Amino acid sequence: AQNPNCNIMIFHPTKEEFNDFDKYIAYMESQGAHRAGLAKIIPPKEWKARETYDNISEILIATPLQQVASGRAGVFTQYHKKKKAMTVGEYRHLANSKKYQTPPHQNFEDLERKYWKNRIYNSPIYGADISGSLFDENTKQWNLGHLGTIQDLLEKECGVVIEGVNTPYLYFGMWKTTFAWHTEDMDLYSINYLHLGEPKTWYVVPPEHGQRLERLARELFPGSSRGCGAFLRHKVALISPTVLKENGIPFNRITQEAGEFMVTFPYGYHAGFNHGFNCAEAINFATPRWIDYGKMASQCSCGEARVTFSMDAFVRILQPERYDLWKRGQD
Ligand SMILES: c1ccc(-c2c[nH]cn2)cc1
Ligand SMILES: O=C(O)CNC(=O)C(=O)O
Ligand code: NI
Ligand SMILES: [Zn+2]
C-alpha cells in the first residue's frame with residue numbers, strides 16, 4: 001500500500017504532465033496521495049494562471065462575512081455576520097489596516113501559534129463563495145473554470161443524465177479568516193488555487209479516519225450534535241491541532257503559498273486559516289473513485305446546511321432513500 005502513514009504529498013508535474021488533468025489526479029492516487037486527504041501541486045515553472053493581478057480591485061464582494069467566534073481558544077464555533085458590500089480594493093485596504101493586519105511574526109510556526117492563541121478574540125471579515133474565476137481564458141492547463149463537470153462524470157459513470165452546473169468560487173481573505181472543519185458537498189474532491197497574497201494553512205484528517213474526527217466533534221459540541229446528525233455540514237466548528245493531538249486524532253498540516261494548488265480528496269476533513277490578504281479560487285470535481293464516497297456521504301437534514309441547486313440530483317440519484325428527508329431540509 002502506497003503512503004500508509006497518510007502523509008501529505010507534494011507534486012511537481014512537468015509541463016507535459018500538466019496537460020491531462022484527470023490523468024495526473026489518477027497518477028497522484030497511484031502514489032497514495034489520497035490517503036492524506038490533501039495534496040499540494042506546484043505548477044511547472046512555465047505555467048501561469050493569468051498575466052497579472054493588477055486590475056482586480058473593482059471585483060465586488062457583495063456580502064462580506066464577519067466571522068464571530070464563541071467558545072474556547074482551541075474549541076470554538078463561528079457564525080457569519082453579513083456586512084455591507086465592498087470592492088476588492090476596499091477589502092484589501094481593510095485587510096491591511098491596523099485593526100486587521102497580520103502581526104509581526106518569526107515564521108509560519110510562530111504565526112500558527114498566534115492564530116490558535118488569539119483567533120477567538122477577533123472577528124475577521126471574509127469574502128467567500130463569490131462565483132467567478134481569475135484564470136485567463138487562454139490558460140489551457142489546470143484552468144479551474146474549464147474542468148469536466150461533475151454532472152458529466154456522473155453521466156459517464158452511471159449512464160444517467162442530470163440537471164445542474166458546476167462553476168468556480170473566489171475567496172478573498174485576511175489575517176485570521178477561518179475555514180471550519182468540513183468535507184465537501186457530497187464528499188466530492190475540491191481543488192484550490194491560491195492566486196495572490198499571503199499564505200493559507202491547512203489541517204486535514206485522512207479519509208480512513210474521518211469517523212474519529214466526527215466522534216470527537218460530537219463530544220466537543222454536544223448541543224450541536226443533538227440538533228443534527230451531520231452538524232459538521234454546517235461548517236462552523238473549529239478544533240485546534242493541540243486538541244486533536246490530546247485526543248489522538250490523526251491529522252496533518254501544511255501551508256499553501258501563492259501560485260500553488262491544493263487538492264482535497266473525498267471524505268478528507270479539512271480546516272484552516274489565512275495569514276493575511278489573499279485571493280483563492282476553488283471548485284469541486286469528481287472522478288470514478290468518488291462515486292462510492294458520494295453514495296456514503298452523510299447529509300444534514302436539520303435545515304442549517306442549505307446547499308446549491310445542483311446537489312439535488314446527486315442525492316436523488318446516489319441516495320434515493322435519503323432524498324425525501326434531505327429535500328425537506330432544503331425546502
Ligand atoms: C467508503 C466507506 C465509508 C465512507 C464514509 C463513511 N462516512 C462517510 N463516508 C465512504 C466510503
Ligand atoms: O479556502 C477556503 O476558505 C476554503 N477552501 C476549501 O475548503 C476548499 O478549497 O475545499
Ligand atoms: Ni473545502
Ligand atoms: Zn444540520
# chains A, B, ... in the order shown; residues from 1 in each chain; ligands from 1
>>> residues_around(residues="residue 49 (chain A)", least_positions_apart="3", cutoff="12 Å", atoms="only C-alpha atoms", output="list in words")
residues 43, 44, 45, 46, 52, 53, 133, 134, 135, 136, 137, 138, 139, 140, 141, 142, 143, 144, 145, 193, 194, 195, 196, 258, 259, 260, 261, 280 and 281 of chain A
>>> residues_near_ligand(ligand="ligand 4", cutoff="6 Å", atoms="only C-alpha atoms and all ligand atoms", output="PDB file with C-alpha atoms, in the first residue's frame")
ATOM      1  CA  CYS A 228     -28.184  17.418  13.814  1.00  0.00           C
ATOM      2  CA  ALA A 230     -24.322  15.704  10.473  1.00  0.00           C
ATOM      3  CA  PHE A 231     -23.660  19.099  12.047  1.00  0.00           C
ATOM      4  CA  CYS A 300     -27.701  17.449   7.047  1.00  0.00           C
ATOM      5  CA  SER A 301     -31.493  17.472   7.074  1.00  0.00           C
ATOM      6  CA  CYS A 302     -31.999  19.873  10.007  1.00  0.00           C
ATOM      7  CA  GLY A 303     -32.049  22.771   7.570  1.00  0.00           C
ATOM      8  CA  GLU A 304     -28.864  24.553   8.590  1.00  0.00           C
ATOM      9  CA  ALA A 305     -26.572  23.350   5.788  1.00  0.00           C
TER      10      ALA A 305
END
>>> residues_around(residues="residue 176 (chain A)", least_positions_apart="6", cutoff="8 Å", atoms="only C-alpha atoms", output="JSON, numbers by chain")
{"A": [115, 119, 124, 273, 274, 275, 276]}
>>> write_last_selection(atoms="C-alpha atoms", output="compact mmCIF listing (two decimals), in the first residue's frame")
# COMPACT_ATOMS: atom_id res chain seq x y z
CA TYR A 115 -3.57 32.20 15.42
CA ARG A 119 -8.25 33.88 17.00
CA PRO A 124 -12.01 38.96 10.75
CA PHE A 273 -6.80 29.91 8.17
CA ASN A 274 -5.37 32.74 6.08
CA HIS A 275 -2.14 34.53 7.01
CA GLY A 276 -3.10 37.93 5.57
>>> residues_near_ligand(ligand="ligand 2", cutoff="6 Å", atoms="only C-alpha atoms and all ligand atoms", output="compact mmCIF listing (two decimals) with N, CA and C atoms, in the first residue's frame")
# COMPACT_ATOMS: atom_id res chain seq x y z
N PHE A 179 -11.55 28.71 7.84
CA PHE A 179 -12.50 27.74 7.31
C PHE A 179 -12.60 26.56 8.28
N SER A 190 -12.12 18.65 -3.92
CA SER A 190 -12.02 20.06 -4.26
C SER A 190 -10.61 20.36 -4.74
N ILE A 191 -10.48 21.41 -5.54
CA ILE A 191 -9.18 21.90 -5.92
C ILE A 191 -9.20 23.41 -5.68
N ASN A 192 -8.10 23.89 -5.11
CA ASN A 192 -7.97 25.25 -4.62
C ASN A 192 -6.66 25.84 -5.12
N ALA A 282 -11.58 28.16 -6.00
CA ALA A 282 -11.79 26.74 -5.74
C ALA A 282 -13.03 26.22 -6.43
>>> closest_residue(among="A:271, A:186, A:237, A:130", to="ligand 1", atoms="only C-alpha atoms and all ligand atoms")
A:186
>>> residues_around(residues="region 197-209 of chain A", least_positions_apart="6", cutoff="8 Å", atoms="only C-alpha atoms", output="VMD selection string")
chain A and resid 6 35 to 38 241 249 to 258 265 to 279
>>> write_last_selection(atoms="C-alpha atoms", output="JSON list (two decimals), in the first residue's frame")
[["chain", "number", "residue", "atom", "x", "y", "z"],
["A", 6, "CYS", "CA", -1.15, 9.09, 5.14],
["A", 35, "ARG", "CA", -4.69, 8.66, 1.81],
["A", 36, "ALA", "CA", -3.71, 12.01, 3.38],
["A", 37, "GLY", "CA", -6.95, 13.72, 2.34],
["A", 38, "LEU", "CA", -4.94, 16.61, 0.88],
["A", 241, "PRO", "CA", -4.18, 20.88, 16.43],
["A", 249, "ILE", "CA", -6.93, 12.20, 16.22],
["A", 250, "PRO", "CA", -4.67, 11.51, 13.24],
["A", 251, "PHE", "CA", -4.08, 14.64, 11.16],
["A", 252, "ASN", "CA", -1.53, 16.57, 9.15],
["A", 253, "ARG", "CA", -0.85, 20.20, 8.36],
["A", 254, "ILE", "CA", 0.70, 22.18, 5.53],
["A", 255, "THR", "CA", 0.95, 25.79, 4.39],
["A", 256, "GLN", "CA", -0.09, 26.74, 0.84],
["A", 257, "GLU", "CA", 1.62, 29.73, -0.79],
["A", 258, "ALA", "CA", 0.64, 31.89, -3.75],
["A", 265, "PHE", "CA", -9.87, 14.11, -1.63],
["A", 266, "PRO", "CA", -13.27, 12.50, -0.97],
["A", 267, "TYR", "CA", -14.15, 12.46, 2.75],
["A", 268, "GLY", "CA", -10.93, 14.26, 3.73],
["A", 269, "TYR", "CA", -11.94, 16.58, 6.59],
["A", 270, "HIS", "CA", -10.07, 19.87, 6.44],
["A", 271, "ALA", "CA", -9.90, 23.25, 8.18],
["A", 272, "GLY", "CA", -7.53, 26.20, 8.13],
["A", 273, "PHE", "CA", -6.80, 29.91, 8.17],
["A", 274, "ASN", "CA", -5.37, 32.74, 6.08],
["A", 275, "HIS", "CA", -2.14, 34.53, 7.01],
["A", 276, "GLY", "CA", -3.10, 37.93, 5.57],
["A", 277, "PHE", "CA", -4.74, 39.44, 2.48],
["A", 278, "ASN", "CA", -5.11, 36.83, -0.25],
["A", 279, "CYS", "CA", -7.29, 35.52, -3.04]]
>>> select_by_dssp(residues="region 78-323 of chain A", states="helix (DSSP H, G or I)", output="PyMOL selection string")
chain A and resi 88-95+108-121+150-158+185-187+207-220+222-227+231-234+241-246+290-296+311-318+320-323
>>> residues_near_ligand(ligand="ligand 1", cutoff="8 Å", atoms="only C-alpha atoms and all ligand atoms", output="PyMOL selection string")
chain A and resi 187+207+210-211+266-267+292-298
>>> closest_residue(among="A:97, A:185, A:223, A:40", to="residue 312 (chain A)", atoms="only C-alpha atoms")
A:185
>>> residues_around(residues="region 160-169 of chain A", least_positions_apart="6", cutoff="8 Å", atoms="only C-alpha atoms", output="list in words")
residues 128, 129, 130, 131, 132, 133, 144, 145, 149, 150, 151, 152, 154, 281, 282, 283, 284, 309, 310, 311 and 313 of chain A
>>> residues_around(residues="region 82-84 of chain A", least_positions_apart="4", cutoff="9 Å", atoms="only C-alpha atoms", output="list in words")
residues 61, 62, 63, 64, 65, 66 and 125 of chain A
